[PDB]
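Q: Let me begin by handing over the structure; questions about it come next.
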Amino acid sequence: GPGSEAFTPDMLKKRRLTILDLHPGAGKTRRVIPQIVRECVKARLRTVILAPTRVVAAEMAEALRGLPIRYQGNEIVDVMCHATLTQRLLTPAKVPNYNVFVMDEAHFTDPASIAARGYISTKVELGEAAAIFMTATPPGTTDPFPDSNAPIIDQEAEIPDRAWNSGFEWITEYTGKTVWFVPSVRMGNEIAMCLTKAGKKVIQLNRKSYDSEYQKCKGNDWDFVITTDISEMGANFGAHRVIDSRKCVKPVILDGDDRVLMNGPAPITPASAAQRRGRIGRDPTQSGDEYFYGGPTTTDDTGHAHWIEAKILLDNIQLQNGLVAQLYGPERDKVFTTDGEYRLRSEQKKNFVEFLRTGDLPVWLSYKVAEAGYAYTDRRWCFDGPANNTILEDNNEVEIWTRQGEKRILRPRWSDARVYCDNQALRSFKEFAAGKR
């Protein structure tokens, strides 16, 4: 990426926001994190290091043994996930007055990650912070084939989207380790079983499985990892081959639309394609790494629901000086609402936070329900919607035995495909409509 090649102490000055390139080698331990933390301790600056995932937060904590850190005495350096910071910023609970924010894998398009960049960007622009955003693919990335530590062999290829019973020998004949990016867990399951039946040992990584399964990759007893986009956020595989479907499935809100729908499988962004490719080409002493890719990229990501959701979160983060935060500069043109448009009044905000935290509902839906004045425990909104919001399962209208006693058709006032797009999501939403959590 085009970021700074190396940390310099100047980056700790107030009002500085610096992109630092990430070009990890074959080595286990990252080195740059402990250097930055040492420099923050030397400067006596109150610092948070922000990991994209719990796995990366644990790797940082291990790398930082010997430095005074608080992993979430008198420690002035905290280590936590992007989403932990954003969650704490939404609650009345005090968050430390950090001088320095270091965001690892700062390209992450999770709404909590985008909102945290906005909070950080705002504190920097106030002259109350310095920030380092570590990423090989900062906003406005267009090149899917950036320069790498080692040469990569790039090859367009037909990539299976289903189990195969002939052809694709190039996939199974390879003797090394392959990381294969798929647009869905379900398609990944089909491919995985095909490879297992062909005598391969397969690990399946996705947002749900990552905490348990990613640790299996550190051992060399596997042939394939079948992964979703979550492995774009700091996964370190001991592999020399990537297969990239070049596809994703994403939630979208059409401009001025009233609902969230899923799109795809469809082309990924250049940033995502570069991150997937960037799992390999890491060791300057090892030529011959291979990237096989199955389709084009698109820079048109403005429909992704995570942009509106990040703005919803940031409009609801109360700053102690009464300033409305803005998104990080290069992400501001992803949304078209005026600053503060989504800010909830006090009781609505309490219910919003519970919809996110205990309800496990998406940001958009949590907002719509909270803004409408429903109490967290008041599930009447799940039934009072229009006919086209009826939810169907194995092709029949879903009936809920409500807590009050009556059986009602599941027909929410607001329709978010993420709560009914598969069996597991619909089960959780039915449990919610029934008042089980």
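All residue names refer to the structure tokens as shown: chains lettered A, B, ... in order, residues numbered from 1 in each chain, ligands numbered from 1 in order.
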When DSSP works through the backbone of this structure, what residues of stretch 67-229 of chain A end up as strand (DSSP E or B), shown as a PyMOL selection string?
A: chain A and resi 69-71+77-81+100-104+130-134+152-156+178-181+202-205+224-227
Q: Save out the residues we just selected, C-alpha atoms, as a PDB file, in the first residue's frame.
A:
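Result saved to part38.pdb:
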ATOM      1  CA  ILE A  69      -0.463  -2.809  28.890  1.00  0.00           C
ATOM      2  CA  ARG A  70      -4.090  -3.262  30.002  1.00  0.00           C
ATOM      3  CA  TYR A  71      -5.716  -5.940  27.806  1.00  0.00           C
ATOM      4  CA  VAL A  77      -1.615   1.635  27.127  1.00  0.00           C
ATOM      5  CA  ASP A  78      -4.836  -0.337  26.488  1.00  0.00           C
ATOM      6  CA  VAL A  79      -5.348  -3.146  23.903  1.00  0.00           C
ATOM      7  CA  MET A  80      -8.910  -3.829  22.716  1.00  0.00           C
ATOM      8  CA  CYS A  81     -10.966  -4.653  19.562  1.00  0.00           C
ATOM      9  CA  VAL A 100      -2.973   8.215  20.721  1.00  0.00           C
ATOM     10  CA  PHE A 101      -5.114   5.738  18.784  1.00  0.00           C
ATOM     11  CA  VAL A 102      -3.389   2.967  16.757  1.00  0.00           C
ATOM     12  CA  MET A 103      -5.868   1.131  14.548  1.00  0.00           C
ATOM     13  CA  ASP A 104      -4.634  -2.191  13.169  1.00  0.00           C
ATOM     14  CA  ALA A 130      -2.904  11.593  17.197  1.00  0.00           C
ATOM     15  CA  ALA A 131      -3.790   8.480  15.170  1.00  0.00           C
ATOM     16  CA  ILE A 132      -1.977   5.819  13.209  1.00  0.00           C
ATOM     17  CA  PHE A 133      -4.130   3.770  10.823  1.00  0.00           C
ATOM     18  CA  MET A 134      -2.241   0.625   9.864  1.00  0.00           C
ATOM     19  CA  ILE A 152       3.323 -13.246  -6.977  1.00  0.00           C
ATOM     20  CA  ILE A 153       2.120 -15.209 -10.011  1.00  0.00           C
ATOM     21  CA  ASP A 154      -1.325 -13.667 -10.825  1.00  0.00           C
ATOM     22  CA  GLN A 155      -3.623 -15.896 -12.961  1.00  0.00           C
ATOM     23  CA  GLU A 156      -7.300 -15.455 -13.929  1.00  0.00           C
ATOM     24  CA  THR A 178      -4.155 -23.110  -0.201  1.00  0.00           C
ATOM     25  CA  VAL A 179      -6.312 -20.317   1.215  1.00  0.00           C
ATOM     26  CA  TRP A 180      -9.588 -20.122  -0.748  1.00  0.00           C
ATOM     27  CA  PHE A 181     -11.901 -17.073  -0.316  1.00  0.00           C
ATOM     28  CA  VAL A 202      -9.881 -28.598   5.264  1.00  0.00           C
ATOM     29  CA  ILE A 203     -10.372 -25.810   7.875  1.00  0.00           C
ATOM     30  CA  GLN A 204     -13.481 -23.569   7.465  1.00  0.00           C
ATOM     31  CA  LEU A 205     -13.017 -19.940   8.741  1.00  0.00           C
ATOM     32  CA  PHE A 224      -7.011 -25.941   2.570  1.00  0.00           C
ATOM     33  CA  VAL A 225      -8.514 -23.043   4.470  1.00  0.00           C
ATOM     34  CA  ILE A 226     -11.985 -22.190   3.041  1.00  0.00           C
ATOM     35  CA  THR A 227     -12.633 -18.646   4.339  1.00  0.00           C
TER      36      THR A 227
END
Q: I'd like the contact shell of residue A:87 - 9 Å cut-off, only C-alpha atoms, skipping same-chain residues fewer than 5 positions apart - returned as an NGL selection string.
A: :A and (82 or 112 or 353 or 357)
Q: Convert the current residue selection to file output with N, CA and C atoms, as a PDB file, in the first residue's frame.
A:
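The file below, again-v2.pdb, is the result:
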ATOM      1  N   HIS A  82     -11.534  -3.052  17.808  1.00  0.00           N
ATOM      2  CA  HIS A  82     -12.245  -1.864  17.236  1.00  0.00           C
ATOM      3  C   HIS A  82     -13.631  -1.741  17.873  1.00  0.00           C
ATOM      4  N   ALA A 112     -18.893  -0.809  13.188  1.00  0.00           N
ATOM      5  CA  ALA A 112     -18.198  -0.359  14.411  1.00  0.00           C
ATOM      6  C   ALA A 112     -16.791   0.185  14.092  1.00  0.00           C
ATOM      7  N   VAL A 353     -29.143   0.770  22.310  1.00  0.00           N
ATOM      8  CA  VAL A 353     -27.953   0.070  22.814  1.00  0.00           C
ATOM      9  C   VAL A 353     -28.341  -1.361  23.223  1.00  0.00           C
ATOM     10  N   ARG A 357     -26.881  -4.936  21.817  1.00  0.00           N
ATOM     11  CA  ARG A 357     -26.021  -5.682  22.744  1.00  0.00           C
ATOM     12  C   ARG A 357     -26.696  -6.995  23.162  1.00  0.00           C
TER      13      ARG A 357
END
Q: Could you pull out all residues of stretch 42-228 of chain A with a DSSP call of alpha helix (DSSP H) and give them as a ChimeraX atom specification?
A: /A:42,54-63,82-90,111-125,169-173,185-197,210-213
Q: For stretch 117-190 of chain A versus stretch 244-265 of chain A, which residues have an atom no more than 8 Å away, and what is each residue's nearest atom pair and distance in Å rounded to one decimal, using only C-alpha atoms, chain-then-number order, as CSV?
A:
residue,atom,partner,partner_atom,distance
A:159,CA,A:245,CA,6.0
A:160,CA,A:245,CA,8.0
A:161,CA,A:245,CA,7.9
A:180,CA,A:244,CA,5.8
A:181,CA,A:244,CA,5.0
A:182,CA,A:245,CA,5.7
A:183,CA,A:248,CA,4.1
A:184,CA,A:249,CA,6.9
Q: Produce a file of the selected residues containing C-alpha atoms, as a PDB file, in the first residue's frame.
A:
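Saved result, selection-v1.pdb, follows:
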ATOM      1  CA  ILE A 159     -12.997 -21.043  -9.645  1.00  0.00           C
ATOM      2  CA  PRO A 160     -15.621 -23.619  -8.633  1.00  0.00           C
ATOM      3  CA  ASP A 161     -18.770 -22.350  -6.888  1.00  0.00           C
ATOM      4  CA  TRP A 180      -9.588 -20.122  -0.748  1.00  0.00           C
ATOM      5  CA  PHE A 181     -11.901 -17.073  -0.316  1.00  0.00           C
ATOM      6  CA  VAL A 182     -15.621 -17.884  -0.874  1.00  0.00           C
ATOM      7  CA  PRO A 183     -18.593 -15.488  -0.842  1.00  0.00           C
ATOM      8  CA  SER A 184     -20.648 -17.632   1.600  1.00  0.00           C
TER       9      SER A 184
END
Q: Sorted by chain and rising residue number, which residues of stretch 306-405 of chain A lie within 12 Å of stretch 425-434 of chain A, and what are their closest atom pairs and distances in Å to one decimal, counting only C-alpha atoms, as a tab-separated table?
A:
residue	atom	partner	partner_atom	distance
A:355	CA	A:432	CA	10.1
A:358	CA	A:432	CA	10.0
A:359	CA	A:432	CA	7.1
A:360	CA	A:428	CA	8.8
A:361	CA	A:429	CA	8.3
A:362	CA	A:429	CA	11.0
A:365	CA	A:429	CA	11.6
A:376	CA	A:432	CA	10.4
A:377	CA	A:432	CA	9.4
A:378	CA	A:433	CA	9.2
A:379	CA	A:433	CA	5.8
A:380	CA	A:433	CA	8.1
A:381	CA	A:433	CA	8.7
A:382	CA	A:433	CA	5.9
A:383	CA	A:433	CA	8.2
A:384	CA	A:433	CA	11.5
A:391	CA	A:426	CA	8.8
A:392	CA	A:426	CA	9.5
A:393	CA	A:426	CA	8.3
A:394	CA	A:426	CA	11.2
A:397	CA	A:430	CA	11.9
A:398	CA	A:430	CA	8.3
A:399	CA	A:430	CA	8.8
A:400	CA	A:434	CA	6.1
A:401	CA	A:434	CA	6.3
A:402	CA	A:434	CA	4.9
A:403	CA	A:434	CA	5.9
A:404	CA	A:434	CA	9.2
A:405	CA	A:434	CA	9.9
Q: Just the number, please: distance in Å from atom CA of residue A:17 to atom CA of residue A:90, one decimal.
A: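 Taking atom CA of residue A:17 as the start and atom CA of residue A:90 as the end point, the length is 23.1 Å.
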Q: Residues within 8 Å of residue A:351, please, as a VMD selection string. Count only C-alpha atoms; anything in the same chain fewer than 6 positions from it doesn't count.
A: chain A and resid 370 374 to 376
Q: Deliver the residues from the most recent selection as a file, using N, CA, C and O atoms, as a JSON list (two decimals), in the first residue's frame.
A:
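Saved result, part-v7.json, follows:
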[["chain", "number", "residue", "atom", "x", "y", "z"],
["A", 370, "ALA", "N", -35.74, 1.56, 17.72],
["A", 370, "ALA", "CA", -35.52, 2.50, 18.83],
["A", 370, "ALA", "C", -36.12, 3.87, 18.48],
["A", 370, "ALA", "O", -36.80, 4.45, 19.38],
["A", 374, "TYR", "N", -40.13, 2.08, 20.58],
["A", 374, "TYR", "CA", -40.30, 0.78, 21.27],
["A", 374, "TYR", "C", -39.27, 0.58, 22.36],
["A", 374, "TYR", "O", -38.02, 0.70, 22.17],
["A", 375, "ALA", "N", -39.76, 0.19, 23.53],
["A", 375, "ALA", "CA", -38.98, -0.36, 24.64],
["A", 375, "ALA", "C", -38.33, -1.66, 24.16],
["A", 375, "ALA", "O", -38.96, -2.35, 23.33],
["A", 376, "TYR", "N", -37.16, -1.98, 24.70],
["A", 376, "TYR", "CA", -36.40, -3.18, 24.36],
["A", 376, "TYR", "C", -37.29, -4.42, 24.49],
["A", 376, "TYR", "O", -37.23, -5.29, 23.61]]
Q: I'd like the contact shell of residue A:300 - 12 Å cut-off, only C-alpha atoms, skipping same-chain residues fewer than 2 positions apart - returned as a list in words.
A: residues 140, 141, 142, 252, 266, 267, 268, 269, 270, 271, 297, 298, 302, 303, 304 and 334 of chain A
Q: Those residues you just picked out, can you put them in a file as a compact mmCIF listing (two decimals), in the first residue's frame with N, CA and C atoms?
A:
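Now in selection-v7.txt:
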# COMPACT_ATOMS: atom_id res chain seq x y z
N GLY A 140 -9.87 4.55 -1.00
CA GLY A 140 -9.57 4.94 -2.39
C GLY A 140 -8.61 3.99 -3.05
N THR A 141 -8.42 2.79 -2.47
CA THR A 141 -7.60 1.76 -3.13
C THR A 141 -8.28 1.34 -4.44
N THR A 142 -7.52 1.30 -5.53
CA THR A 142 -8.02 0.87 -6.87
C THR A 142 -7.22 -0.30 -7.42
N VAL A 252 -27.32 -4.40 1.62
CA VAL A 252 -27.40 -3.11 0.88
C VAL A 252 -28.68 -2.36 1.24
N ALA A 266 -21.40 -11.23 -5.75
CA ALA A 266 -21.04 -10.14 -6.68
C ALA A 266 -19.60 -9.74 -6.43
N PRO A 267 -19.03 -8.96 -7.36
CA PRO A 267 -17.62 -8.59 -7.28
C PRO A 267 -17.25 -7.85 -5.99
N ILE A 268 -16.05 -8.16 -5.52
CA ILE A 268 -15.45 -7.51 -4.33
C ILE A 268 -14.75 -6.23 -4.77
N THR A 269 -14.37 -5.41 -3.79
CA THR A 269 -13.64 -4.15 -4.03
C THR A 269 -12.18 -4.46 -4.29
N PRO A 270 -11.46 -3.53 -4.93
CA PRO A 270 -10.02 -3.70 -5.07
C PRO A 270 -9.30 -3.86 -3.73
N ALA A 271 -9.73 -3.12 -2.69
CA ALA A 271 -9.12 -3.26 -1.34
C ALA A 271 -9.24 -4.72 -0.88
N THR A 297 -13.13 -6.92 -10.12
CA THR A 297 -13.46 -6.09 -8.94
C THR A 297 -14.40 -4.97 -9.34
N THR A 298 -15.03 -4.33 -8.36
CA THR A 298 -15.81 -3.10 -8.57
C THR A 298 -15.47 -2.09 -7.48
N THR A 302 -21.14 1.88 -2.59
CA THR A 302 -21.91 2.93 -1.88
C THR A 302 -23.22 2.34 -1.38
N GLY A 303 -23.74 1.26 -1.97
CA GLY A 303 -24.98 0.67 -1.42
C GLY A 303 -24.79 -0.15 -0.15
N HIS A 304 -23.56 -0.52 0.21
CA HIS A 304 -23.32 -1.40 1.36
C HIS A 304 -23.92 -0.71 2.58
N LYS A 334 -19.25 8.55 1.55
CA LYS A 334 -20.04 7.28 1.49
C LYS A 334 -21.46 7.48 2.01
Q: Nearest residue to residue A:115 out of A:214, A:307, A:342, A:222, using only C-alpha atoms?
A: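 Using only C-alpha atoms, the shortest distance to residue A:115 belongs to A:307.
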Q: Residues of stretch 16-65 of chain A that approach stretch 284-294 of chain A to 12 Å or less, counting only C-alpha atoms: could you list each one with the shortest pair of atoms and its distance in Å to one decimal, rows by chain and increasing residue number, as a Markdown table?
A:
| residue | atom | partner | partner_atom | distance |
| --- | --- | --- | --- | --- |
| A:23 | CA | A:284 | CA | 11.0 |
| A:24 | CA | A:284 | CA | 10.7 |
| A:25 | CA | A:284 | CA | 7.8 |
| A:26 | CA | A:284 | CA | 8.8 |
| A:27 | CA | A:284 | CA | 11.5 |
Q: The selected residues should be written to file as an mmCIF file, in the first residue's frame (atoms: N, CA and C atoms).
A:
data_model
loop_
_atom_site.group_PDB
_atom_site.id
_atom_site.type_symbol
_atom_site.label_atom_id
_atom_site.label_comp_id
_atom_site.auth_asym_id
_atom_site.auth_seq_id
_atom_site.Cartn_x
_atom_site.Cartn_y
_atom_site.Cartn_z
ATOM 1 N N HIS A 23 3.153 -4.667 5.725
ATOM 2 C CA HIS A 23 3.794 -5.604 4.763
ATOM 3 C C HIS A 23 4.430 -6.741 5.565
ATOM 4 N N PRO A 24 3.625 -7.520 6.324
ATOM 5 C CA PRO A 24 4.133 -8.586 7.195
ATOM 6 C C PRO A 24 4.980 -9.586 6.399
ATOM 7 N N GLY A 25 6.082 -10.054 6.988
ATOM 8 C CA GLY A 25 6.918 -11.128 6.420
ATOM 9 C C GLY A 25 6.474 -12.512 6.868
ATOM 10 N N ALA A 26 7.366 -13.494 6.744
ATOM 11 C CA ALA A 26 7.085 -14.898 7.133
ATOM 12 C C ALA A 26 7.141 -15.040 8.663
ATOM 13 N N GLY A 27 7.907 -14.182 9.357
ATOM 14 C CA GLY A 27 8.100 -14.214 10.825
ATOM 15 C C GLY A 27 6.779 -14.242 11.591
#
Q: Which distance in Å separates atom CA of residue A:191 and atom CA of residue A:218, to one decimal?
A: 21.8 Å
Q: Can you tell me which residues surround residue A:107 at a distance of at most 7 Å, considering only C-alpha atoms, apart from same-chain residues fewer than 4 positions away, and format the answer as an mmCIF file with C-alpha atoms, in the first residue's frame?
A:
data_model
loop_
_atom_site.group_PDB
_atom_site.id
_atom_site.type_symbol
_atom_site.label_atom_id
_atom_site.label_comp_id
_atom_site.auth_asym_id
_atom_site.auth_seq_id
_atom_site.Cartn_x
_atom_site.Cartn_y
_atom_site.Cartn_z
ATOM 1 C CA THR A 135 -3.387 -0.842 6.531
ATOM 2 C CA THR A 137 -5.308 -0.791 1.540
ATOM 3 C CA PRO A 138 -6.399 2.692 2.769
#
Q: Considering only C-alpha atoms, return as a PDB file with C-alpha atoms, in the first residue's frame whatever protein or nucleic-acid residues lie within 12 Å of residue A:122, sequence-local ones (same chain, fewer than 2 positions apart) excluded.
A:
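Contents of part_8.pdb, freshly written:
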ATOM      1  CA  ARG A  15      -3.503  16.534  15.044  1.00  0.00           C
ATOM      2  CA  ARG A  16      -1.413  13.929  13.082  1.00  0.00           C
ATOM      3  CA  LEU A  17      -3.299  11.109  11.384  1.00  0.00           C
ATOM      4  CA  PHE A 101      -5.114   5.738  18.784  1.00  0.00           C
ATOM      5  CA  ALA A 115     -17.540   4.629  13.332  1.00  0.00           C
ATOM      6  CA  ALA A 116     -14.406   4.238  15.473  1.00  0.00           C
ATOM      7  CA  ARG A 117     -12.340   5.812  12.632  1.00  0.00           C
ATOM      8  CA  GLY A 118     -14.801   8.727  12.683  1.00  0.00           C
ATOM      9  CA  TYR A 119     -14.551   9.183  16.451  1.00  0.00           C
ATOM     10  CA  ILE A 120     -10.714   9.035  16.215  1.00  0.00           C
ATOM     11  CA  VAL A 124      -7.517  14.317  15.940  1.00  0.00           C
ATOM     12  CA  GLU A 125      -9.218  17.325  14.200  1.00  0.00           C
ATOM     13  CA  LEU A 126     -10.002  18.801  17.680  1.00  0.00           C
ATOM     14  CA  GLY A 127      -6.233  18.672  18.509  1.00  0.00           C
ATOM     15  CA  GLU A 128      -6.974  16.147  21.310  1.00  0.00           C
ATOM     16  CA  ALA A 129      -5.415  13.077  19.641  1.00  0.00           C
ATOM     17  CA  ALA A 130      -2.904  11.593  17.197  1.00  0.00           C
ATOM     18  CA  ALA A 131      -3.790   8.480  15.170  1.00  0.00           C
ATOM     19  CA  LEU A 314     -21.319   7.932  15.104  1.00  0.00           C
ATOM     20  CA  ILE A 317     -21.608   8.809  20.234  1.00  0.00           C
ATOM     21  CA  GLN A 318     -21.840  11.752  22.669  1.00  0.00           C
ATOM     22  CA  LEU A 319     -18.605  13.782  22.840  1.00  0.00           C
ATOM     23  CA  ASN A 321     -17.436  18.940  24.378  1.00  0.00           C
ATOM     24  CA  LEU A 323     -19.303  18.368  19.099  1.00  0.00           C
ATOM     25  CA  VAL A 324     -20.959  15.996  16.565  1.00  0.00           C
ATOM     26  CA  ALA A 325     -18.307  13.627  15.228  1.00  0.00           C
ATOM     27  CA  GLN A 326     -17.704  13.181  11.491  1.00  0.00           C
ATOM     28  CA  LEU A 327     -16.524  10.126   9.562  1.00  0.00           C
ATOM     29  CA  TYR A 328     -12.802   9.855   8.684  1.00  0.00           C
ATOM     30  CA  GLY A 329     -12.286  12.325   5.784  1.00  0.00           C
ATOM     31  CA  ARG A 332     -17.347  11.009   4.466  1.00  0.00           C
TER      32      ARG A 332
END
Q: Figure out the distance between atom CA of residue A:106 and atom CA of residue A:50, please, to one decimal in Å.
A: 9.0 Å
Q: Within 10 Å of residue A:31, counting only C-alpha atoms, which residues qualify if same-chain residues fewer than 5 places away don't, as a PyMOL selection string?
A: chain A and resi 24+36+60+63-64
Q: Given the selection you just returned, output its residues as a file containing C-alpha atoms, formatted as a CSV table (one decimal), in the first residue's frame.
A:
chain,number,residue,atom,x,y,z
A,24,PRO,CA,4.1,-8.6,7.2
A,36,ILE,CA,4.9,1.9,18.7
A,60,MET,CA,-0.8,-8.3,20.3
A,63,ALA,CA,3.8,-9.8,21.6
A,64,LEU,CA,3.7,-7.0,24.2
